[PDB]
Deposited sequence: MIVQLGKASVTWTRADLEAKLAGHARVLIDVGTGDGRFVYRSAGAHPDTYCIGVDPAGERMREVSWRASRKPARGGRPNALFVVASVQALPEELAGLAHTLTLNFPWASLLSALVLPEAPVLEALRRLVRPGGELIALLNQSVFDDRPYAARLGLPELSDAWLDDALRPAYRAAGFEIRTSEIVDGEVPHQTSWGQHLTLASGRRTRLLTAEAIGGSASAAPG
């Protein structure tokens, strides 16, 4: 596994990770974390939780990973970790660790993978989650469109029909049972909505990882 530490990228093993994991009751993984501030904040709010931000561009994470690696009084957060990788090749060292897996405003390709959906991606995310653990997605169509020009199909509205025919089976087919499908609002003034939605309509999707018994 590649870990980001300021401008440095260091190689870690499963063993290295487990040494850090010890002493933490929960594990959070944020996929497509960007600048990583969500993971940095989570680390502060939940000392019990080891918080891992993942992004395929190390440099996006330079600032936060350097800051989180300082002494606590200087802003260090030792239960924070930043890993460079994409959903298309997630590091094996992360398999089965997450209680909570977040996808916050994924770009169009990743958003597509979640709402069409796309089995290989769904299967890939499921590999990160412990049984009984949760996938939480904040979905918004104003994100950056990273898809090739030809792949710009129109994306579906997450209606009950869509959930029933497209998403539930496909998520069950990947090891996930969809819990929540809700519009994040549904009466602020014009912009309080957009601060807490960002921008217009964002929907929340949650699913529980299901295993044997």
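- Comparing the deposited sequence with the modelled residues shows gaps at 187-190, 218-223, with numbering starting at 1.
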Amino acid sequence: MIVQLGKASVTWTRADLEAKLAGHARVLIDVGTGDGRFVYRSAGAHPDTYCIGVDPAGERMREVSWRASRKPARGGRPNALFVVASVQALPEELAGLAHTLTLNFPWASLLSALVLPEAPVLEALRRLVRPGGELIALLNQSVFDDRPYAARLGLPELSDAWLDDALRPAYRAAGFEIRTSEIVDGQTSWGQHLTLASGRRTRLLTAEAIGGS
From here on, numbers count along this sequence of modelled residues.
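- Comparing the deposited coordinates for 166-174 and 153-161, the stretch with the larger average C-alpha B-factor is 153-161.
- Once the C-alpha B-factors are averaged per stretch, 22-30 and 35-43 rank with 22-30 first.
- Per the PDB record, residue ranking by Cα B-factor puts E92 in the highest third of the chain.
- In the PDB entry, a CA B factor belonging to the highest third of its chain's modelled residues is recorded for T180.
- Sort the chain's modelled residues by C-alpha temperature factor and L81 lands in the lowest third, per the entry.
- Sort the chain's modelled residues by C-alpha temperature factor and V3 lands in the lowest third, per the entry.
- Ranked against the other modelled residues of its chain, the C-alpha B-factor of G186 as given in the entry falls in the highest third.
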